[PDB]
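A.B. asks: Attaching a single structure in structure tokens format; questions to follow.
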Amino acid sequence: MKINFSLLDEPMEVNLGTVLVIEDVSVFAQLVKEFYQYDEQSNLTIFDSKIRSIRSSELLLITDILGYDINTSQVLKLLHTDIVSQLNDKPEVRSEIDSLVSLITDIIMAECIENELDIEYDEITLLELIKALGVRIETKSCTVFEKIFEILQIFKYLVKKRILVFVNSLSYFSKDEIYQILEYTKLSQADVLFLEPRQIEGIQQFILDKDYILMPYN
Amino acid sequence: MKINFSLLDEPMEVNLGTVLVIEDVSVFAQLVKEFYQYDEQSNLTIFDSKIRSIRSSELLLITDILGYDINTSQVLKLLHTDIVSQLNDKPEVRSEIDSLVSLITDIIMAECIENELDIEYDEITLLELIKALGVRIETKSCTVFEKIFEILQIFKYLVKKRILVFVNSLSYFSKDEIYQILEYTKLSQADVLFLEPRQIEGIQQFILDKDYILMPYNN
Amino acid sequence: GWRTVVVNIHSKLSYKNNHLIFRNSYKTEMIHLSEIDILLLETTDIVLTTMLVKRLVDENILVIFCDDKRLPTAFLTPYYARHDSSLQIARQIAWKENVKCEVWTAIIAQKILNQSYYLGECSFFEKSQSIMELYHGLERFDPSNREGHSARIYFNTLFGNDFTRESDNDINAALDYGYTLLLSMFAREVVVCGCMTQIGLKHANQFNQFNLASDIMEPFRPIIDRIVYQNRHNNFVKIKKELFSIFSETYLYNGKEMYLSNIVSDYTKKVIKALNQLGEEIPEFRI
Amino acid sequence: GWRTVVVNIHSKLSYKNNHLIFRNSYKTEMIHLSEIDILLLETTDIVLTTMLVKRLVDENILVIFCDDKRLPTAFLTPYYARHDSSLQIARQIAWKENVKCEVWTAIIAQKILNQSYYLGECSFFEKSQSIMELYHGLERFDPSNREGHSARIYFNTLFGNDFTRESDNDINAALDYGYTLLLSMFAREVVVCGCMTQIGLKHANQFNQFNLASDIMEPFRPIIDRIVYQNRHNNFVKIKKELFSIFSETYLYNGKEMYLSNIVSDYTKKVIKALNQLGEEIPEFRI
Amino acid sequence: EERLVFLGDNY
Ligand SMILES: [Ca+2]
Ligand SMILES: [Ca+2]
């Protein structure tokens, strides 16, 4: 994947982990504004290997790592649908689940018939059992280093998002933690792009000078 | 509004805008995690002049500037009330608006009398006119600087938030924009606490060295 | 090219699909290379690529690089503009002092005659009559220095007796600026001809790379002197803009009305052809 | 300055605090301005800034630009404080015919001697003895034309009697390719020396614009014919791949084993200094 | 069809 702005001479490719440093505060703030307004503004463009423009729905933009909720309605919907598909891939297990649900429905139905008030019921479904169990991704995060790892896991799980972008998220992590994040990104194959106001020492990054010239580092 | 952590020897007071720079990435990340988890963790303690500890509901934490939603039901309601007060402070404008609303009510009343069914109504007020106009703040085309300025303007509208805190928000703004933010914060009287890993040149700030020594810095 | 492109703003320049690509954070614009004659960079914040410089050398487009003060610093000179240069070097080495002194004397006579025409259009009878007397008194080897006297009387008559060419005033600064631009265009034309620019047609002792282009650009100085005389009260910026308006304005050649670039190109071509053919015809330019 | 900075890789150039910042994908290097002497750009992917161009104008360092073929195209010409190379070109215009004939005869003798020595390494005693006899029989003004006579013997020995330079074949195209690369290297060295490549050592033919470098690269020509003789059965693409390894391969200079770039640089410097000093010493290169 | 094209401040 490649990103192209009118400040760069040629579009730079983003593969696996990428660190982009902008030495101009105006170009950095205007670049983040172009990231949030990407749907509205046509200045900032992104061209994949197919050389096709991507909608803002396919771009994942995350600034605050701790403030980003891992559990969402769409994420829980895709997770519950995935578990329902996994249970549907095995006929015998789903048959046993239907038998147990039939037994529980028979017991609760007998208890309802024992009551003096009329009771009407419909049925119980596997999706209602998963939602009743509260299946969700683990919400326990001790530090931002683990939370960013969970963000990388959920990002690699989501097929619709072709790119993940972090804005000034490298200031919290230590150099060694940055090395572990880069190695985990190279192992996960996902495309991650970082935007930092200042350069980081010890790691390979693309430095954008105030002259607008882009130069590689390390 | 004093904040205290185990690293500091004494609780530091936060008045108007305050720029807190932590040169250690470990203490900075641990302090931010203690800011998000503040209700769970007893390490970071923020108290007012009454020494009473403020609840996490009274604390306002902000990291992403453009991702935060400035438009809320309470903010828009109190904003509409403020606009109604601004229109009420001028007698002539209120009189003219009352005249126009009277004319429109006369027209609609005639249209209701023309109908066969018996119809009743009450009034068309100014708050209902503002709610029908849909007055709200526009963050769509706003720059990050104007977004933070609008957040400092709506912080007075928020009743429950005791203190506003920004996480690494000073990296986007230029030195002059930071001077405008601080100078406006001195007029707004609100309590804002900024947390940055690197020190900003030209502004007064509290620096925490890797030695864990807190010192005031003019530049 | 017909178009002089001046970039005073910070931006990045690239070469894409035979097209000059101007990329800046506010807007991006593409300008074809075939329409572009001269490229002028007036600031030090402009970025360019060596591939676009190679495409500019192949397109034979003059590239000028200025300083932070916006005054021109250094221009790009291509090594080989055409294959006829290597064959023209032997002819330049075979040139004769009689043809050089004759062509240079005729050119100086055209310059002094243009100054007398400028003072005649300015309705000065004694000044243009004296400069015309110096034009009729010009001789080979220039023993009387009637050209320098014509320049001293020209500037002293136009700008006042207290004025001088050695002054640091913005008048002499604009004069040196226009002489630097016209010297850059004439030098680029000499590079198109292929002959050595360092070899002059007047004094063989003086060694300068701009000598020949200055000798070819001597008759056109009064065109800059006119706008410099009209805008002398205006600020140096407006005088520089009026100097830039000379490229948009057209002048009347003996044949017809043409642009300044075409008149300089055809004039330099007739000068080189006259030097190789030993004074067949001398091109004359009048205001 | 002293060190000559040449950029053969993609990179960006900036100027900060009297320090030239060269930035490449592998590493970043900062060089003092006073240490740099001549600056040359080998490829078209290099990015530079106009501010560093202005600092180079204040530092007088010569800026050399090259095309994709690596042949030098244009060079930066300042309006004032010109480089000493422009003053050195006048000596090249003053080169005597006796020194040019001596250097040319020495170059032809070196090339013929290298051809006969290469034929001796190929274990042909009669052809190498004949080419050596023509080498000992070479004289000034070239009335015998022993070089053109040794040509047919060298090529006829290498590729066979049926092969010739006039015929169109992958061997002839490979020879023109190797001669194009060597002409690019020697032409870049001559451009580094500042002397005009249009003026040749051979007085007969001025047609080629590279005549100086084409005459200087003759003693190294047979090293291409050796690899072309070994790879002659391979396709032209494989011959180009084999000829591309000559830059990485190391050759034996008279003094010490060195790379081809340093050897061509020292040979060109000795040739220029010998031409300006009128034959102090003639650089000799043997395979 | 403009002879002088200016990219920058228009003066
Ligand atoms: Ca109502
Ligand atoms: Ca409405």
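Chains as they are written, first to last, in PDB author numbering: chain E, 1 to 218; chain F, 1 to 219; chain v, 3 to 289; chain u, 3 to 289; chain w, 100 to 110. Each residue gets a CB set at the ideal place from its N, CA and C atoms; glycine is no exception.
Indicate whether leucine 54 of chain v and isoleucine 38 of chain v have their beta-carbon atoms separated by less than 8 Å.
C.D. replies: Not closer than 8 Å, so no.
A.B. asks: Mind checking which residues open and close the alpha helix (DSSP H) that includes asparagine 163 of chain u?
C.D. replies: Segment: none, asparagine 163 of chain u is in no alpha helix (DSSP H) and carries neither H nor E.
A.B. asks: Using alpha carbons as the reference points, say which of u/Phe77, u/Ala153 and u/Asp47 lies closest to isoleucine 11 of chain u.
C.D. replies: It is u/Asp47.
A.B. asks: Can you give, in chain order, each stretch of the beta strand (DSSP E) that sits fully within the stretch 172–198 of chain E and has at least 3 residues?
C.D. replies: For the stretch 172–198 of chain E, whole beta strand (DSSP E) runs of length 3 or above, ordered along the chain, are 192–196.
A.B. asks: Please compile the residues from chain v whose C-beta is within a distance smaller than 8 Å of the C-beta of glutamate 10 of chain E.
C.D. replies: Result: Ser16.
A.B. asks: Inspect the CB distances between the stretch 195–215 of chain u and the stretch 80–91 of chain v and report whether three or more fall short of 8 Å.
C.D. replies: With the cut-off at 8 Å, the stretch 195–215 of chain u and the stretch 80–91 of chain v touch.
A.B. asks: Any idea which residues DSSP pairs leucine 208 of chain E with across the strands?
C.D. replies: DSSP output for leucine 208 of chain E lists E/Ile22 and E/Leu214 as bridge partner(s).
A.B. asks: Taking 6 Å as the limit between beta carbons, can you name the residues of its chain near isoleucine 226 of chain v, skipping five residues before and five after?
C.D. replies: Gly180.
A.B. asks: Can you tell me whether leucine 133 of chain F sits near ligand 2, meaning its C-beta is under 7 Å from at least one heavy atom of the ligand?
C.D. replies: Under cutoff, so the answer is yes.
A.B. asks: According to DSSP, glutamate 13 of chain E sits in a beta bridge with which residue or residues?
C.D. replies: Looking at the DSSP assignment, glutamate 13 of chain E forms a beta bridge with E/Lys2.
A.B. asks: Look at the Cβ atom of residue 290 of chain u, then the Cβ atom of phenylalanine 24 of chain u, and state whether they are nearer than 8 Å.
C.D. replies: Outside the shown range of chain u (3 to 289) lies residue 290 of chain u, about which nothing can therefore be said.
A.B. asks: To which residues of the same chain is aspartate 39 of chain E closer than 7 Å at the C-beta, ignoring the five residues directly before and after it?
C.D. replies: Only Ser56 meet the Cβ criterion.
A.B. asks: Please determine if the stretch 31–38 of chain E and the stretch 71–90 of chain E are in contact, where contact requires at least 3 C-beta pairs separated by less than 8 Å.
C.D. replies: Flag = no, the stretch 31–38 of chain E and the stretch 71–90 of chain E do not touch.
A.B. asks: Using the Cβ count rule (16 or more neighbours within 10 Å means buried), how would you classify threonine 75 of chain v?
C.D. replies: So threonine 75 of chain v ends up on the buried side.
A.B. asks: Helix, strand or coil, according to DSSP, for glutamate 100 of chain w in the structure here?
C.D. replies: In this structure, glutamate 100 of chain w counts as coil in the three-state DSSP scheme.
A.B. asks: Pick out whichever of u/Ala215, u/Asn236 and u/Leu140 has its Cα sitting closest to the Cα of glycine 196 of chain u.
C.D. replies: Taking only the C-alpha atoms, the option nearest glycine 196 of chain u is u/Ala215.
A.B. asks: Name the DSSP bridge partner or partners of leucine 31 of chain F?
C.D. replies: Answer is none; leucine 31 of chain F lacks a bridge partner.
A.B. asks: When you check each C-beta in the stretch 45–62 of chain v against every C-beta of chain E, which residues fall closer than 8 Å?
C.D. replies: So the list reads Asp47, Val49 and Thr51, given in the order they occur along the chain.
A.B. asks: Let me know the secondary structure DSSP gives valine 8 of chain u once reduced to three states.
C.D. replies: In the structure shown, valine 8 of chain u sits in a strand (DSSP, three-state: E or B).
A.B. asks: Given that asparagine 26 of chain v touches chain E, what residues does it touch there, using C-beta distances under 7 Å?
C.D. replies: Ordered by position in chain E, the residues that pass the 7 Å Cβ test against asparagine 26 of chain v are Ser6.
A.B. asks: Could you list which residues in chain v have their beta carbon closer than 8 Å to that of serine 88 of chain u, in chain order?
C.D. replies: In chain order: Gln200 and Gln211.
A.B. asks: In this structure, does DSSP put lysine 140 of chain F in helix, strand or coil?
C.D. replies: In the structure shown, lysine 140 of chain F sits in coil (DSSP, three-state: anything other than H, G, I, E or B).
A.B. asks: Is the shortest distance between the beta-carbon of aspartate 24 of chain E and the beta-carbons of chain u less than 8 Å?
C.D. replies: So, not an interface residue.
A.B. asks: Under DSSP, the alpha helix (DSSP H) around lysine 18 of chain v begins and ends at which residues?
C.D. replies: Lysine 18 of chain v -> not in any alpha helix (DSSP H); beta strand (DSSP E) instead, spanning 14–18.
A.B. asks: My guess is that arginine 234 of chain u and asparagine 116 of chain u are in contact by the Cβ rule of under 8 Å, so how many angstroms apart are they, rounded?
C.D. replies: Going by Cβ atoms, the distance from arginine 234 of chain u to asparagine 116 of chain u rounds to 19 Å, so no, they are not a contact pair.
A.B. asks: Can at least three beta-carbon pairs, one atom from the stretch 165–178 of chain u and one from the stretch 138–146 of chain u, be found at a separation below 8 Å?
C.D. replies: Too few Cβ pairs lie closer than 8 Å, so no.
A.B. asks: Using the C-alpha atoms, what's the distance from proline 216 of chain E back to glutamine 204 of chain E?
C.D. replies: Those two C-alpha atoms are separated by around 8 Å.
A.B. asks: Is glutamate 123 of chain F near ligand 1, going by C-beta to nearest heavy atom under 7 Å?
C.D. replies: Within the cutoff, so yes.
A.B. asks: Alpha carbon to alpha carbon, how far is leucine 160 of chain u from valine 239 of chain u? Give it in angstroms, no decimals.
C.D. replies: Approximately 20 Å between the Cα atoms of the pair.
A.B. asks: Taking just the CA atoms, how far does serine 95 of chain F sit from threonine 105 of chain F?
C.D. replies: In a straight line, the C-alpha of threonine 105 of chain F is about 15 Å away from that of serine 95 of chain F.
A.B. asks: Does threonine 30 of chain v get closer than 8 Å to chain E when you measure Cβ to Cβ?
C.D. replies: Yes, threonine 30 of chain v lies at the interface with chain E (some Cβ there is under 8 Å from its Cβ).
A.B. asks: When we look at the beta-carbon of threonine 51 of chain v and count the other beta-carbons within 10 Å, is it buried (16 or more) or exposed?
C.D. replies: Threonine 51 of chain v comes out buried.
A.B. asks: Quick one: is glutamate 177 of chain F buried, meaning 16 or more other Cβ sit within 10 Å of its Cβ, or exposed?
C.D. replies: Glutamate 177 of chain F is buried by the Cβ-count criterion.
A.B. asks: Relative to ligand 1, is the shortest distance from any of its heavy atoms to the C-beta of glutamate 128 of chain F smaller than 7 Å?
C.D. replies: It does: the Cβ of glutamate 128 of chain F is within 7 Å (strictly closer) of some heavy atom of ligand 1.
A.B. asks: In this structure, does DSSP put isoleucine 104 of chain F in helix, strand or coil?
C.D. replies: It is helical.
A.B. asks: Where does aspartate 122 of chain E land, buried or exposed, given buried means 16+ other C-beta within 10 angstroms?
C.D. replies: Burial call: exposed.
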